């Protein structure tokens, strides 16, 4: 319904700049839109390693 199934695949592309440090991150995931559950693996493709905690980005994907 509305293009969604019970299991679905996800894709993330973040362009950012924190405290002047420019970075890029991509990730893939699996999630159950009706169980309100999702699990994503992220990998920094530019600006690795990050000069800040990974936590501030979590709600960003």
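Numbering follows the first chain given and starts at 1.
Visitor: Lowest, middle or highest third: where is residue 25 by Cα B-factor in its chain?
Guide: According to the entry, residue 25 has a C-alpha B-factor in the chain's lowest third.
Visitor: Compare the C-alpha B factor of residue 6 with those of the other modelled residues in its chain, then answer lowest, middle or highest third.
Guide: Ranked within chain, residue 6 CA B lands in the highest tercile.
Visitor: Relative to the other modelled residues in the chain, which third contains the C-alpha temperature factor of residue 50: lowest, middle or highest?
Guide: Highest third.
Visitor: Determine, from the deposited record, the chain-internal third of the Cα B-factor for residue 14: lowest, middle or highest.
Guide: CA B-factor rank for residue 14: middle third.
Visitor: Please say which third, lowest, middle or highest, residue 56 falls into when its CA temperature factor is compared across its chain.
Guide: Its C-alpha B-factor, which the entry lists for residue 56, ranks in the lowest third among residues of this chain.
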